[PDB]
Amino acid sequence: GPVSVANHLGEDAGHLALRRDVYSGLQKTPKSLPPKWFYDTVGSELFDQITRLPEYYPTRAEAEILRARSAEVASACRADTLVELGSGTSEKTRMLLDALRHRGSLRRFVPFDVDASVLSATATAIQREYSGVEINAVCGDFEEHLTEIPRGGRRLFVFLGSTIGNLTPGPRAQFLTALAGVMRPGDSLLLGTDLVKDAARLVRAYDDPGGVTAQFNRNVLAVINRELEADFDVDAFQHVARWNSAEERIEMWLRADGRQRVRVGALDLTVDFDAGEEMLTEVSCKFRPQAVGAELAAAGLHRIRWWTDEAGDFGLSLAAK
């Protein structure tokens, strides 16, 4: 099938965005950085390791559901077009593509992500694996370019991994509203949400004894040091995973041990850390079944299927426009 890739981001858009997030985030109280910047090359490779840890159940729990339910996804949505809000590199992507193709309705794959080189590799992989499928990769970001997704016949939008949990309620409602805005009647959204559960299990999933998550978290400082000529003493920042009971979310923090002064050279910026000051690097909201259905409703989408894994650890929602 034909491949296309459309790039709506400027060549330096990634670097401009990083400059903005860091100039802004290192000046908030508390300091905070968005989790999208964990995922450079080293960081993406560390994330792969995390998904294979015994502590980190979300990846396998979601794959367990999709292994068992992809055909039920395919029969309810009846999509001819799979839109992945993501890079399309995972096994789950092929599980859904396999199920739409088993149905015979699969015509088009639309991976939508911010890294055009990954999208190009993904498009070549799918083109080699799925004959007669057209791939229309779209390089754009959520806040501007969701309108540039092709119309197709009937579209299944896919947002897996409980990545929606990185948005707190305010931004999360804005995102779901905008996504529902670009969907057309007859489209559907497959959404993965990690579920509230025993808090000790949740912390463990974000602070494995082997230290992999700690290295993943510390890597954002390495990314800033490298990309913006900074002098974070990375090992002076301790990994801290917290359960926030009242907000029902995991939080990843980096805790300064002793006072630190950090100079970000590209930004002409100097910031100060108190001894014990913690900086927020990721929010991971955990959900309850009924609240996910209500948040989808508030955005204009109607949930028509809900599936958990055998342990009730992880949820998949299918919601139609």
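If you superpose the two forms and keep the largest set of C-alpha atoms that fall within 1.5 Å, you have the rigid core. Position 1 is the first residue in the sequence shown; the rest follow in order.
Original post:
Looking at C-alpha RMS in 5 other deposited structures of this protein with the core superposed, is it 151 to 159 or 201 to 209 that drifts more?
Top reply: The answer is 151 to 159, which departs more from the shown form in 5 other deposited structures of this protein.
**OP:** Name the higher of the two by mean Cα B-factor in the PDB entry, 312 to 320 versus 4 to 12.
**Re:** So the stretch with the higher mean C-alpha B-factor is 4 to 12.
Subject >> Comparing 224 to 232 with 98 to 106, the one whose average Cα B-factor in the PDB entry is higher >> reply: According to the PDB entry, the answer is 224 to 232.
Original post:
Taking the Cα B-factors listed in the entry, which of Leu82, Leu189, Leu179, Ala200 comes out highest?
Top reply: That would be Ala200.
Original post:
Checking the entry, which one of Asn136, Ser162, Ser131, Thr93 has the top C-alpha B factor?
Top reply: If I rank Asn136, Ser162, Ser131, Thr93 by C-alpha B-factor, first place goes to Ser131.
Subject >> For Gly293, the third of its chain into which the C-alpha B factor falls >> reply: As the PDB entry reports it, the C-alpha B-factor of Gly293 lands in the lowest third of its chain.
**OP:** Classify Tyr39 as lowest, middle or highest third according to the C-alpha B-factor given in the PDB entry, relative to its own chain.
**Re:** As the PDB entry reports it, the C-alpha B-factor of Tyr39 lands in the highest third of its chain.
**OP:** Please place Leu119 in the lowest, middle or highest third of its chain by C-alpha B factor as given in the entry.
**Re:** Middle third, going by the recorded CA B-factors of the chain.
**OP:** Name the third of the chain's ranked CA B-factors that contains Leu53, choosing lowest, middle or highest.
**Re:** Highest third - that is where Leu53 ends up once the chain's C-alpha B-factors are sorted.
Original post:
Among the modelled residues of its chain, does the C-alpha B-factor of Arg155 lie in the lowest, middle or highest third?
Top reply: Lowest third, going by the recorded CA B-factors of the chain.
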